[PDB]
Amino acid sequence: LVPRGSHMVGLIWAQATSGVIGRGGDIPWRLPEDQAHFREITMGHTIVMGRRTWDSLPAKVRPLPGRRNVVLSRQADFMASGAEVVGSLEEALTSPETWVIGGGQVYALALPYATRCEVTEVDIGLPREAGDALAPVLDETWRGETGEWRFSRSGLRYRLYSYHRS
């Protein structure tokens, strides 16, 4: 759907109902259904992540396979084997389609350029706590479809939102 001369930027994240996406350097739930969803959307694309999200990736999927991994860091000497490290968002968003995959800092940086958000809401009542990474706030310029609740294999409930804007 994307003309090759354009620059589509999308954000994709999974959040608790409270907006928590990250805590203690990790994602504070386990949801294989969301991993599969994230993989289906991002496979084959350039993905952009902050350095702390690179650190948070399980070693088995660091780099995330089948995607061009781009890591934003101000550390010139940062070691991200199998990825590329860029010092600015400008060098990160050169592809016709980019998926920004976290974390809290980088979603805030990228949201003003984005025209798609793919959001998984996890029906888990984790209260926001000091130091948590949080999902970005979407204003009224965004619109989209809210999916139905589904139970994961474990009985954890989740639903998918597909948002877009002009």
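Between two forms, the rigid core is the largest collection of C-alphas that superpose within 1.5 Å. Numbering starts at 1 and runs along the sequence shown.
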ask   = Hey, after superposing on the core, which one moves around more in 9 other deposited structures of this protein, 45-53 or 61-69, CA-wise?
value = 61-69
query = Between 8-16 and 143-151, where do the CA atoms move more in 9 other deposited structures of this protein, taking the root mean square over the structures and residues after a core fit?
reply = 143-151
query = For the C-alpha atoms alone, is the average B factor greater in 42-50 or in 122-130, going by the entry?
reply = 122-130
inquiry  = So, looking at the entry's B-factor column for Cα atoms, which has the higher mean, 58-66 or 111-119?
reply    = 58-66
task = Tell me which of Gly25, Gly19, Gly155, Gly10 tops the list for C-alpha B factor in the record.
result = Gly25
query = Where does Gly103 sit by CA temperature factor within its chain: lowest, middle or highest third?
reply = lowest
request  = Please place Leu93 in the lowest, middle or highest third of its chain by C-alpha B factor as given in the entry.
outcome  = highest
request  = Grab the CA temperature factor for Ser81 from the record and place it in the lowest, middle or highest third of its chain.
outcome  = highest
